[PDB]
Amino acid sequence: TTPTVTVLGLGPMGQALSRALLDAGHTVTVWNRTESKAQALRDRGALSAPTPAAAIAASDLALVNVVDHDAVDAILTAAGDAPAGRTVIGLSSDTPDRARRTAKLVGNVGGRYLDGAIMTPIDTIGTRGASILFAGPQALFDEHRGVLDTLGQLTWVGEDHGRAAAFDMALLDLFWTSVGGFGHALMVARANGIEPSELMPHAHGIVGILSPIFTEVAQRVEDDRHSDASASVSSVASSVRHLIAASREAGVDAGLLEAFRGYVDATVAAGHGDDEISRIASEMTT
């Protein structure tokens, strides 16, 4: 009558997943390599299991939320034949080939596998603000959607077990590159007498322009249409040099902007200085 779910991995995100499943009223079994991280959840109604095999054998569905697929696959090695007749969902960020290999590891012991990628922070889990992408057999996603729906908005992205991970590689590239730019910006600003609290209203303004700019860049890349520029490659080839000089003056490394400059300069050298900045990423090939 009541669905069973196991969560293996009780770092910040695995705690968040466990609390959401417990609030939904599922029977939740938890396991972590560092055992005592389960204690806060046992106080909230979770059941612990002492080993990965015992944890997976307790439920129809096991979610594995750990640092990477070396950790996932180590947990599956320890679990042995426990996945047989059960479903494993990988929720551990790694490459598409690791998601496919882990699918194979689970199938070769008689389990079924979905791969997922959580694209939102812990505060969002258990709300309509969370976004989780899934890949693998459509029917298996449909079979477990009822339990998984309490976690957030789910999107199935394809049959290929690696496809959620492929989205994750692209989306986390955008995310972490932006985070690197933000932390750099705060360092250089602070060296110029602008504390983070004073910058932040304006930094929110920059975040506010990204969606419409990205929409246009994506459309231009699909159209292969880089003409009629509103902001040219030659203009940013001038600007990025200023930004690097400012970094240098402040004693802050400029490696992200230096990499960017290399692409911009290669676009100018290729004869596309007059084109929209949608052209620059072409020069990232090699």
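For every residue, the number given is its place in the sequence shown, counted from 1.
Asker: Going by the B-factors listed in the PDB entry, is the mean over the C-alpha atoms higher for 77-85 or for 144-152?
Answerer: If you average the C-alpha B-factors of 77-85 and of 144-152, the larger mean comes out for 144-152.
Asker: On average, which has the higher Cα B-factor in the deposited entry, 103-111 or 212-220?
Answerer: Result: 212-220.
Asker: Would you mind finding, among 191, 179, 207, 91, the residue with the largest C-alpha temperature factor in the entry?
Answerer: Of the candidates given, the C-alpha B-factor peaks at 191.
Asker: Among 63, 56, 231, 30, where is the Cα B factor highest in this entry?
Answerer: Checking the PDB record, the top C-alpha B-factor among 63, 56, 231, 30 is at 231.
Asker: Compared with the other modelled residues in the chain, in which third is the CA B-factor of residue 227?
Answerer: It belongs to the highest third of the chain when residues are ordered by C-alpha B-factor.
Asker: Thinking about Cα B factors across the chain, which third does residue 139 belong to?
Answerer: For residue 139, the deposited C-alpha B-factor lands in the highest third.
Asker: Please rank the C-alpha B-factors of the chain's modelled residues and tell me whether residue 198 sits in the lowest, middle or highest third.
Answerer: According to the entry, residue 198 has a C-alpha B-factor in the chain's highest third.
Asker: Sorting the chain's CA B-factors, does residue 44 end up in the lowest, middle or highest third?
Answerer: CA B-factor rank for residue 44: highest third.
Asker: Would you please rank residue 173 by its C-alpha temperature factor against the other modelled residues of its chain and give the third it falls in: lowest, middle or highest?
Answerer: Its C-alpha B-factor, which the entry lists for residue 173, ranks in the lowest third among residues of this chain.
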